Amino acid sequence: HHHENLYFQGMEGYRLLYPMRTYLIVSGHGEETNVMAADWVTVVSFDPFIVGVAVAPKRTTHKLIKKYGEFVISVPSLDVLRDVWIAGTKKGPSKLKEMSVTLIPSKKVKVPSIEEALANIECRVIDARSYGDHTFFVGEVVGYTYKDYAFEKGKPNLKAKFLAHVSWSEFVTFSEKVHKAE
């Protein structure tokens, strides 16, 4: 498989950063609630806590983030891969009927959270910049929830099976073997 619009066949340059974590991005609310898959997510500030996500203009998610100015980063486990794949292949709110997700209210944003997620990070858009073929939406974190066990020791519990993306349809989780640097 290759990314769409790869005119010169070869490995996509971005693959040099892989494997990357895979998250879900929830946008909209009510009948407009949507979810997509997103790898291109990072933290951009500690205090205040701010995150960013690169979203192509053609995503339905892009329209919904522009319209409402809010999004939720929901953290999936490997056990919900089938739902992550639907989120990353089907288009728009009608896909939710196909997904094993239970929408629950957020603490602060109007966009819902996903009950099955390991964490839900509630974001308000503070910037949108166009870089190449994506918009980088920067979100101030205004709330969050998480599954106690997934972060039981004030750090990620590797038993929770955090999801990473290797290539097109190939995913993995982490080893449970921790290496200490100090």
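Sequential numbering from 1, following the sequence displayed.
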item	value
153-161 set against 115-123, stretch whose average Cα temperature factor tops the other in the entry	153-161
Stretch exceeding the other in mean C-alpha B-factor - 25-33, 130-138	25-33
Residue 40 - which third its CA temperature factor falls in, relative to the rest of the chain	lowest
Entry-reported Cα temperature factor of residue 59, expressed as the chain third it lands in	lowest
Relative C-alpha B-factor of residue 11, binned into the chain's lowest, middle or highest third	highest
Residue 143 - Cα temperature factor, lowest/middle/highest third of chain	middle
Position of residue 109 among the chain's modelled residues by C-alpha B-factor, lowest, middle or highest third	highest
